[PDB]
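**Student:** To start, I am sharing the structure in question, which I have written as structure tokens.
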Amino acid sequence: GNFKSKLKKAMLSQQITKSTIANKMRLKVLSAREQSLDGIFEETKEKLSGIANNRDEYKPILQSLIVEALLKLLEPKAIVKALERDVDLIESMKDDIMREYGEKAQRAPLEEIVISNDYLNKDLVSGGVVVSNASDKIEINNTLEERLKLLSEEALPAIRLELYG
Amino acid sequence: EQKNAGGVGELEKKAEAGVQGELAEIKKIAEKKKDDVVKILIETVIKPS
Amino acid sequence: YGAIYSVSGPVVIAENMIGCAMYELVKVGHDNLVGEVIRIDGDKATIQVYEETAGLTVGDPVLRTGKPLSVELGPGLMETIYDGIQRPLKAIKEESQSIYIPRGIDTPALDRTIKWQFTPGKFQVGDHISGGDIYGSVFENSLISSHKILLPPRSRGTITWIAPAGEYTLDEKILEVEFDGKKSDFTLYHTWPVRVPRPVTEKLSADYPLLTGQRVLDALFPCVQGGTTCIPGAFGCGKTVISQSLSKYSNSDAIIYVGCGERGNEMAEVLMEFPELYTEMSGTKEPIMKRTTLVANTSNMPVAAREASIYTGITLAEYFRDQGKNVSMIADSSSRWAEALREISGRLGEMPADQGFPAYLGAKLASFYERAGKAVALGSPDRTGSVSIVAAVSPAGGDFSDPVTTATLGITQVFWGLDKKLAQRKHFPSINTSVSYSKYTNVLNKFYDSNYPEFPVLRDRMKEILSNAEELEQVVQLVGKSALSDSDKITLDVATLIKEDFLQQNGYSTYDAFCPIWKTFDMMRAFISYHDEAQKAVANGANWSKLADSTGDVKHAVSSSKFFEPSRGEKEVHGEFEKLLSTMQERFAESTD
Amino acid sequence: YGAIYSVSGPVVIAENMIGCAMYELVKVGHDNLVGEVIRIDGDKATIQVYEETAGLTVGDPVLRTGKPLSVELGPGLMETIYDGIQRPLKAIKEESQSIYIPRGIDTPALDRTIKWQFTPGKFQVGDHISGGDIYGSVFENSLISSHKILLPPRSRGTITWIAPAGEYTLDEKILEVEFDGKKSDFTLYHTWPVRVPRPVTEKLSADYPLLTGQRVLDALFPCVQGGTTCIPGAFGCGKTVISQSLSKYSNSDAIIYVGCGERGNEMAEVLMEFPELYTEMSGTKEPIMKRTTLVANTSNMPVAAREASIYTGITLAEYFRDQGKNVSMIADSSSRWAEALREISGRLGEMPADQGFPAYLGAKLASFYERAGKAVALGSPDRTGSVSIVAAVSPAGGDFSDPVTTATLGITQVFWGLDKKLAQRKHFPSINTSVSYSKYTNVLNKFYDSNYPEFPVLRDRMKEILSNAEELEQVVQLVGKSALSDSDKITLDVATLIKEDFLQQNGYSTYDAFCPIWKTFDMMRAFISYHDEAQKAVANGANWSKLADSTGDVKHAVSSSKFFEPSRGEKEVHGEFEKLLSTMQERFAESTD
Amino acid sequence: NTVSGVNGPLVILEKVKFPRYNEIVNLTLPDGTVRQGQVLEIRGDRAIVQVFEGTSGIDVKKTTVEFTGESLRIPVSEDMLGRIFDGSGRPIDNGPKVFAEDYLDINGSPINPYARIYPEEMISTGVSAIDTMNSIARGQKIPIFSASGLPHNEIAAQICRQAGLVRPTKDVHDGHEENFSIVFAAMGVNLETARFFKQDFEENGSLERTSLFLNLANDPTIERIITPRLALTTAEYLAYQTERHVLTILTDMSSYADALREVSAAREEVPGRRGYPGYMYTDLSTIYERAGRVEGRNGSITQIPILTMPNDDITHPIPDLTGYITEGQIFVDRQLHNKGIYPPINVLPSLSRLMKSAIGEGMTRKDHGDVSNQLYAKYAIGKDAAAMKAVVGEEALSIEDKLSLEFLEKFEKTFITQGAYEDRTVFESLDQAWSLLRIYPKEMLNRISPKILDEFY
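Note that the protein sequences, when read in sequence, are chains A, B, C, D and E. Numbered by the working numbering, the letters in the first sequence go through residues 121 to 285 in order. Numbered by the working numbering, the letters in the second sequence go through residues 982 to 1030 in order. Numbered by the working numbering, the letters in the third sequence go through residues 39 to 631 in order. Numbered by the working numbering, the letters in the fourth sequence go through residues 39 to 631 in order. Numbered by the working numbering, the letters in the fifth sequence go through residues 5 to 461 in order.
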């Protein structure tokens, strides 16, 4: 009678082991899937630095990042923060940014682009801008590294399904 | 009980052995279509995500 | 248009509103979600947007329809399932691949794509017309025409064009009325704001029966056509069951089933059940469903649907009353509606009144019951129609002391209680004499008396026998039965037979679920007769035990009469009940001996 | 930093806060009273100032301390009586000549007279160190060291400066760690915020008991260490008495004593009795007091200190769990504690919830019991500790069904009652078998059975006997003695001997206060052996009075086992019980014949 | 812009009003931390946000904000099975994250395609005291209501371990043809207890098929209130996509109530019935709309919610609303628990509305519901007869009470006493009922029809 309770108990200890092994087993399958997924993003961001270091292919991109950033601000004056190799690029297209922004909103064009005396990391961050208001309290970190990182949140389900479904 | 503290090692050999086929197709099909997903990632990144 | 100022929870404030009323329907945003302007504070108007406000972008336009929340009255309502804001759920299944509305839904408030069959009435060109006048009919009832087409109230004139028989869609105009120039053209349907009642010539004194078809409920306190009924309910009270009974058994030409925000699983059940059921009037094409229209809503399905549910379902009952149809409107469960007022006051920021329920509760309920009654039809042919409200509520304080039950009870004319102690013994619907009345009873019993029954006398006695039983039972419990007459046991004993046999009638079959007026008479008649004879028997010599033991099988013979169908014997009176009287008299002589 | 905008009673409002965390500790005005920023609306902060503002003016600056309200826990905690904001009260007695603090004056949290001897751990110059890894240790009393200095959580890196062994002061630094630059300097103490609980690698299910050695406590509803326990009170009708008993018999690595908000006669009593008392492990140097660190707040002392009291105790306790020390946490009382919160709530002008007691109450009670329990400490060594919280509660509003008590019984796994009659008789804890339960029993009986005891079989039988005994007495009243016989008479008698031997204690002897796991096992073994053999003997022919007189010497010798030494058969093993088994067999022969 | 002020864990932001409802906001604090929030309110150049992480440690004009541009939606996969999580969907084992294959709203039901065909095919859990007396269907919601101090969690463990050892014998009878998965939500549940639920899932074979969500009451209120909704999205996704019956064990309902109560005091809301929210209905109802059959009608979500009675009363608002919205209740009675009955299922008020709408044939008797009606009615009568025995004494009692007294005693130690690793079949429970019910003459047995009765008493 009581052999059956203790036999059952040790037979429950037996499948106690069986489940922790079978869980670790799928935890290896899954963490390999991501090791490769984060080497797709590893490729993306070598491309992002290589483009950022272009000054002619990079301008139509750079303009669109400041312009889009301005639509998620909608404030009369903006300060734009950039790397010290993107400032001269902002400088040669200001008119185009205040235009493109004014055209994509009901609002009349932006008064001033103040090219900020702040500087973003040259190691960690490659191209793009932090666009901010007049007082600098609302920021859209609209850098390329940031945009890749935000795209990863929603890009991921699509990729897991086509490669792995 | 002796098979529940030494015969539970072989159950873990069998969990190691069953994934060495998976860890390798993971890398196969990730390596091929790696390039096709990057191109979509770039047009998307330089536009709204 | 308007500009969205704030989106805070399901409360939305938009500024720059113009021509806005106090229950005006608006569609909010680029999404066009159902909303209603509740209040206005200055230029800014607070609208509660009650279909999912999630992902609502602020600074979108807000559009006024220029009129309050509405229902569409006219063809296609029967055998079609809607929600409480009156958009058709059935339409949504084919397109969206969804039963209930999610959001973005901008489908018209009736199906109007379809065709219905127009037959002209008794009007011709150059003949005079007035609202509620029967301009034609569309066949959509089990046996009769359902959607009798009216001139919309508040119009009169002479008809310039009467289109003849044929099939047309809702949309197509088929009538022109001239009064003071061209009043408007009319179509098969009309619209009506739900926060306004549809007009009537006059309301009439309710004085005719409404069969419920449960033995116990009809017996103690029978309903009338045009009554108001309060029922408290604590779950598991067989609410569904009595609701199902009414839709089949009642003598009303229309049943409108109303879900005031329910489980959804329970709504499916009743839905599925109606096409299998066969009508007693020799129904066709989904017999019972053909006389049924469903308002079905789900628990966290839009608070506009829940609040509106009762108003929309009574408006539909009223259209039908004006054609001269009898309707029975079963509101299920209005306690949840009461919970919806609790919410509307808190979210708005208004202060409520007693027990966190507002006082605006009470006026708003009273207006709803007053739209009901027995009536003489709108329009000049003159007919009688009815809207008869039977509404469930529940506790909210785990008592009948809570503001909800008491307010609805204040207004009501029929009261059918709730007894947790009887429910355990397996009794449903469980009522007691001490927790129920019908002010209609006197006039109702006389009516029943005509048909054959001894009904007035038996109802007086029915009350007395249960009230005496209760007092006695307290002494038996506490003191004992051994300090008390054999006679006092007898009252309890006869009373018990009535308790199982009447009260439990939830049924496991149609035979145990249906109880006509004749059958209800019969089972009561045999039990009172037993009592009278038993007290004599013991009094001239005969112990208690011997009497109990002897009657035995006979106690059972009445117990089982419910399980057997009423189509048996002469009519609706069993040969088993007919014989039962002789067996009773034969028994008293032996018991006495 | 800020400028006082307004003072309204004990709440102070200060404007021109341009950065200030909503837990930030603050000194207001030029009185420099304690306060903490409850809420912030704009640049105006609501700060509750927990000492009186008589002399505080609008237009005085408020300077932020630059860190949240936190407590430093270092060496020297032991043998010190503290507030919940942690100020040494003995120090106040020295300077001001009072145990209560002067307002507008504060003193360093840890004593700075004290200097302690630091010896290096095992990480040396340039070694990587990681969280909870033991960087050194410090003596915390003369006799023993117990405060091992670990690397603070949320730090990790390489140790650039490791001070050499020697005595250092709490003020002076000893270590600097480099990760991201010099991360900061470290001291012999570390700070940890009071509402933030210290971390672990993972928590375990406790299976380990308290070291109380209270015999009924161990056997009947087994003590757990790593558990949550609710004990009834009513104040000084036994409840404070048992907390003082628990302290005495216990010999845990640390014991943290929390007076949440007590009468202040009781706090005085705890302080004085403890250094005269003796530890049951046979240690020295003000014995019980040396192992106890006291946060003693009377209800008169500020409300900050009352609320912080449980918090300060749990964080301290949890750290000791990370050190690899098994802690007994005694709280008196949570009813008072719920009250500290309700007070704060009404002052501020927020709405409290159920029974006038706040909304935040339930989440706060709940977090507190779940924080305590058996865990393996953070870091590579993985030392085992436990925190057992025994909280006292009394009636609050005079109803013991109110939200506070009822919320806590649901969370609890352990309950041990208190009764005024049982307390008069000297039974402590005042428990029977239905005013008490333990659901920790299951795992615990399993734990003890492994150690050598036949424990699970014997414990179940203990419960059964008490339950039966009660039941046979009722029968003697209603039914009579006709349902009584000698088999039953033996049952009553075994329960009496079990009550006297287990339930009654008060520390008459030193051996009446520590009784090992093996000794407890041995007492229950005598009484169950007497029971079964007495019953057999009366069945082969004997009488109760005859059994009683005959058992006699053995019966007397086993009752008196508590006065008797527990080192008789070795050091934990008692010889008398081993010799009982044989006596009992020869005895059974005398009783039968 | 900046944090304007902060009140409890709701934060008043000054920020431009353009963001949509439920969109994530990120506050960048000078401590190095980033904390995530949801706009609870949008207003004219200001918002009221619930912070996920924390409740305090928040600066005025030094803290800054950034927008995600994304509504609060749960990343749901079916790769989240076989792994242990916290209440906000992240591994505590710290391995690869939840990840997504869809994002599903918790602010409103996504599809909302619940039941148009009533749940009507039986689910067996290996317990007579449950399954007979209260009939369970695939999509039906029946909750366990217990009292403070009881082992609500231990009865819930029984249900889990025995359900799914029934299923292959039940598969033959027809009641499953699809994968079975558990979605387990703890709010306010002990560490020890949680570790018991994992062990339960090992025993059954569905530790690989379950997701566990752990929120403690020492984790923010804001996380705690997300935990059931996160559970529901997970459970309807499995159910939808690969047509699975998911059984949801949601413990404890009052712990969830508790958190709602704190963000009501913190809101500009007034609390209605007994210090709890006046919108207490809307909360509870969000959970209960999701339950029933989902599209394709071979997937479903079936619910057993667990409620502990905070004041031990069935007049208290929590059980009263909850009971109305759900289909029945299962009662646990303290007197039983103490006596050492297991499971302590007192069937005096335990009734489930679908009883003749949860059964059919080919797996249940149609008599199954009918038999339930005798069992419940007699139990009650018996319970009354025992009440009179206690007072008056046997000699005084009449013959009817004596029979009934006897029925009650037999019911307790045989029907509602069974093992804890012991399965039962619905056929088997009814055969046990017939013997026990057999203690009355045919006059007295009249809550079932003479046809069925003549065969079996």
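C-beta: ideal position from N, C-alpha, C; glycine also.
(1) My output table needs one value for residue 295 of chain D: the three-state DSSP class, helix, strand or coil.
(2) Buried or exposed: which applies to residue 350 of chain E, given that a residue is buried once 16 or more other Cβ atoms fall within 10 Å of its Cβ?
(3) Pairs of beta-carbons, one from the segment 382-393 of chain C and one from the segment 324-332 of chain C, closer than 8 Å: are there three or more?
(4) Beta carbons nearer than 7 Å to chain E: which residues of the segment 403-423 of chain D have them?
(5) What three-state label does DSSP hand residue 341 of chain E in the structure shown?
(6) What residues in the segment 212-227 of chain A have a beta carbon less than 8 Å from any beta carbon of chain B?
(7) Please list, in chain order, the chain E residues whose beta carbon lies closer than 7 Å to that of residue 472 of chain D.
(8) Hey, could you find the ends of the alpha helix (DSSP H) residue 269 of chain E is sitting in?
(9) For residue 391 of chain C, which of E/228, E/109, E/46, E/276 has the nearest alpha-carbon?
(10) For the beta strand (DSSP E) containing residue 86 of chain D, name the first residue and the last one.
(11) Quick check: the segment 87-101 of chain E against the segment 59-68 of chain E, are at least 3 beta-carbon pairs closer than 8 Å?
(12) Select from the segment 172-185 of chain A all residues with a C-beta closer than 8 Å to any C-beta belonging to chain B, and list them in chain order.
(13) Report yes if the C-beta distance between residue 173 of chain D and residue 164 of chain D is below 7 Å; otherwise report no.
(14) Following the continuous beta strand (DSSP E) through residue 164 of chain E, name the residue where it begins and the one where it ends.
(15) Interface residues of chain C around residue 453 of chain E at Cβ under 9 Å?
(16) Using 7 Å as the threshold, is the C-beta distance between residue 369 of chain D and residue 429 of chain D below it?
(17) State buried or exposed for residue 175 of chain A, treating a residue as buried only when at least 16 other CB atoms are found within 10 Å of its CB.
(18) Closer than 9 Å, Cβ to Cβ, to anything on chain E: give me those residues from the segment 248-271 of chain A, in chain order.
(19) Taking the alpha helix (DSSP H) that residue 305 of chain D belongs to, which residues open and close that run?
(20) Residues of chain A with CB under 8 Å from residue 999 of chain B, in chain order?
(21) Might you give, ordered along the chain, the residues of its own chain that have their beta carbon closer than 8 Å to the beta carbon of residue 202 of chain C, omitting 5 neighbours on each side?
(22) Tell me whether residue 1014 of chain B sits in a helix, a strand or coil according to DSSP, three-state version.
(23) Helix or strand or just coil, what does DSSP make of residue 149 of chain A?
(24) What does DSSP give as the partner residues of residue 188 of chain C in its beta bridges?
(25) Residue 79 of chain C bridges to which residues according to DSSP?
(26) Can the beta-carbon of residue 255 of chain A be found closer than 7 Å to that of residue 206 of chain E?
(27) Does residue 476 of chain D pass the burial test, meaning 16 or more other C-beta atoms within 10 Å, or should it be called exposed?
(28) Comparing the C-beta of residue 150 of chain A with each C-beta of chain E, is any distance below 7 Å?
(29) Would you mind sorting residue 180 of chain A into buried or exposed? The rule is 16 or more other CB atoms within 10 Å of its CB.
(30) Under 7 Å, Cβ to Cβ, is there at least one residue of chain B near residue 162 of chain A?
(31) Residues bridged to residue 107 of chain E by DSSP?
(32) Given residue 78 of chain D, which residues of its chain have a CB within under 8 Å of its CB, disregarding the five upstream and five downstream residues?
**Tutor:** Taking the definition as stated:
(1) Locating residue 295 of chain D in the fourth sequence gives position 257, counting from the first residue. Secondary structure at residue 295 of chain D: strand, using DSSP grouped into helix, strand and coil.
(2) Within the fifth sequence, residue 350 of chain E is the residue found at index 346, counting from 1. Its Cβ being crowded by 16 or more others within 10 Å, residue 350 of chain E is buried.
(3) The segment 382-393 of chain C, when compared against the segment 324-332 of chain C, does not touch it at the 8 Å Cβ threshold.
(4) Of all residues in the segment 403-423 of chain D, 404, 405, 408, 409, 411 have a Cβ within less than 7 Å of some Cβ in chain E.
(5) As a working note, residue 341 of chain E is residue 337 in the fifth sequence. Three-state DSSP puts residue 341 of chain E in a helix.
(6) none
(7) In the fourth sequence, counting from the first residue as 1, residue 472 of chain D sits at position 434. The answer, in chain order, is 342.
(8) For the purposes of this step, residue 269 of chain E is taken as residue 265 along the fifth sequence, with counting starting at 1. That run of the alpha helix (DSSP H) goes 257-269.
(9) By 1-based counting over the third sequence, the position of residue 391 of chain C is 353. Cα-wise, what sits closest to residue 391 of chain C is E/276.
(10) Sequence index remark: in the fourth sequence, residue 86 of chain D carries index 48 (1-based). 82-87 is the span of the beta strand (DSSP E), which, as asked, contains residue 86 of chain D.
(11) Counting C-beta pairs closer than 8 Å gives fewer than three between the segment 59-68 of chain E and the segment 87-101 of chain E, which falls short of the contact rule.
(12) Hits within the stretch, in order: 181, 184, 185.
(13) Here residue 173 of chain D refers to the residue found at position 135 when the fourth sequence is read from its first residue. Here residue 164 of chain D refers to the residue found at position 126 when the fourth sequence is read from its first residue. Going by C-beta atoms, residue 173 of chain D is not nearer than 7 Å to residue 164 of chain D.
(14) On the fifth sequence, residue 164 of chain E is found 160 positions in, with the first residue counted as 1. No beta strand (DSSP E) holds residue 164 of chain E; the alpha helix (DSSP H) holding it covers 156-166.
(15) Here residue 453 of chain E refers to the residue found at position 449 when the fifth sequence is read from its first residue. Ordered by position in chain C, the residues that pass the 9 Å Cβ test against residue 453 of chain E are 546, 547, 550, 598, 601.
(16) Translated into positions along the fourth sequence, residue 369 of chain D becomes position 331. Translated into positions along the fourth sequence, residue 429 of chain D becomes position 391. In contact: residue 369 of chain D and residue 429 of chain D (Cβ atoms closer than 7 Å).
(17) In the first sequence, the residue the question calls residue 175 of chain A occupies position 55. Result: exposed.
(18) 253, 255, 256, 257, 258, 259, 260, 261, 270
(19) Counting from one through the fourth sequence, the residue named residue 305 of chain D turns up at place 267. That run of the alpha helix (DSSP H) goes 303-314.
(20) Taking the second sequence and counting its residues from 1, one reaches residue 999 of chain B at position 18. Under the 8 Å cutoff, chain A gives 145.
(21) On the third sequence, position 164 is the one that residue 202 of chain C refers to. 158, listed in sequence order.
(22) Locating residue 1014 of chain B in the second sequence gives position 33, where the first residue counts as 1. If DSSP states are grouped into helix, strand and coil, residue 1014 of chain B belongs with coil.
(23) By 1-based counting over the first sequence, the position of residue 149 of chain A is 29. Here residue 149 of chain A sits in helix by DSSP.
(24) Here residue 188 of chain C refers to the residue found at position 150 of the third sequence. For residue 188 of chain C, the pairing in a beta bridge is given by DSSP as C/172.
(25) On the third sequence, position 41 is the one that residue 79 of chain C refers to. BP columns for residue 79 of chain C point to C/82.
(26) Residue numbering aside, residue 255 of chain A sits at position 135 when the first sequence is read from its first letter. Residue numbering aside, residue 206 of chain E sits at position 202 when the fifth sequence is read from its first letter. No, the Cβ-Cβ distance between residue 255 of chain A and residue 206 of chain E is not below 7 Å.
(27) Taking the fourth sequence and counting its residues from 1, the one referred to as residue 476 of chain D is at position 438. Counting the other Cβ atoms within 10 Å of the Cβ of residue 476 of chain D gives 16 or more, which makes it buried.
(28) Against the first sequence, residue 150 of chain A aligns to sequence position 30. Residue 150 of chain A counts as touching chain E.
(29) By one-based count along the first sequence, residue 180 of chain A stands at place 60. Burial check for residue 180 of chain A: the Cβ neighbour count within 10 Å stays below 16, so the residue is exposed.
(30) Here residue 162 of chain A refers to the residue found at position 42 of the first sequence. Closer than 7 Å: no.
(31) In the fifth sequence, the residue the question calls residue 107 of chain E occupies position 103. The partner list for residue 107 of chain E (beta bridge, DSSP) reads E/79.
(32) By one-based count along the fourth sequence, residue 78 of chain D stands at place 40. Hits under 8 Å: 55, 58, 60, 84.
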